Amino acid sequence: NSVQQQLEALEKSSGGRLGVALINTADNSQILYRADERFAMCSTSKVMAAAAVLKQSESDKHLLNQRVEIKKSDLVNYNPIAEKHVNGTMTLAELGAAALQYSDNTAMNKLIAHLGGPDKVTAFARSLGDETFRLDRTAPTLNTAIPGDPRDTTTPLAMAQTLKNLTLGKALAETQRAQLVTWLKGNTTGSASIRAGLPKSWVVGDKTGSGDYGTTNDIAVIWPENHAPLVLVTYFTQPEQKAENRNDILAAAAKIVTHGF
C-alpha cells in the first residue's frame, strides 16, 4: 500500500481523526493527511508562546533573564517545575524551558501574561505568515479540545510550515532559533510519541500535547544521520470526551511517513 493508503488504514483502525503533515526539507516535498483540517493544538501551542518571547528578546538583551514571581495562586492542573519555585522567581528563559521541556502549564501562562494575552500569541503567529493558528485561552482550558470548537486550533500543514520556519528557517534570528531548537531537543515528554516511531539514534526536538476527547498531539523536527531534516506534525482526536490519549497512534504515523528516510 502507498503511504496515503497506510495513513488512511491507520485512521480507520484508530477510532478517531488523524492529521499528518510531513515536510521533507531535502526537496520540499510533503506528505499530507487531513492537513488542512483544524485540530485543537493543546499544549503544542506552547511552542508559539515561547517563540514569541524569543522574538521579543532579539531587541531586548535583558528579557530572557527578567525575573518573574511565582505564587501559589499561579499553580494550575500540571506544573511540575513552577511548583518548585513558589515564593521565588523564575526567569523568562527558565519559563520557556519549563513550558517546552516539561509542559509546565503555569510556565505557559506566565509566557502568555508577559506577552499580553492569548491574542498576542496569535499576532506573533500571523507575523510569521501563519494565517491559521489561533490561541484563545490560557492553560489548562486551552486543552478542552471539543470537536468542532475553533478555539486554540490550527491545521497540521500550517503548524508544520511554521515549525519549519521557527526551527530551521526565517522566523527567528540565529541565537533565538538555536535556543528554540535546544529547548525542543531537550523535551522530556515525548518518548512514546513521534520519537517511538523513529530510529533510536535520530536526533529529535518535539513538543507534545494531550487534552480531552483523547486529543493526542506531537510536533517535531527530526534530524536523520545521513539526510536533511524532516518536520512532522501528528495530531489525533477522538469523538468521546473521556477517550484515552493514544500516543501509540502518533508513533505509528511517524513510522509510516519516515519509512525510507
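Residue numbers run from 1 along the displayed sequence.
Participant: Mind pulling up the entry and telling me whether 162-170 or 75-83 has the higher mean Cα temperature factor?
Facilitator: Mean CA B-factor is higher for 75-83.
Participant: Check the entry's C-alpha temperature factors for 222-230 and 22-30, then say which stretch has the higher mean.
Facilitator: According to the entry, 22-30 carries the higher average C-alpha B-factor.
Participant: Just the C-alpha B-factor column, please: which of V68, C42, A192, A52 has the biggest number?
Facilitator: That would be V68.
Participant: Sort the modelled residues of this chain by their C-alpha B factor and say whether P156 lands in the lowest, middle or highest third.
Facilitator: Answer is lowest: the recorded C-alpha B-factor places it there.
Participant: Rank-wise, by C-alpha B-factor, drop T141 into the lowest, middle or highest third of its chain.
Facilitator: Within its chain, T141 is a middle-third residue by C-alpha B-factor, going by the deposited values.
Participant: Quick check for you: using the entry's CA B-factors within this chain, is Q241 in the lowest, middle or highest third?
Facilitator: Its C-alpha B-factor belongs to the highest third of this chain's values.
Participant: How does the C-alpha B factor of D212 compare with the rest of the chain: lowest, middle or highest third?
Facilitator: Middle third by C-alpha B-factor.
Participant: Ranking the modelled residues of this chain by C-alpha B-factor as given in the entry, is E131 in the lowest, middle or highest third?
Facilitator: According to the entry, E131 has a C-alpha B-factor in the chain's highest third.
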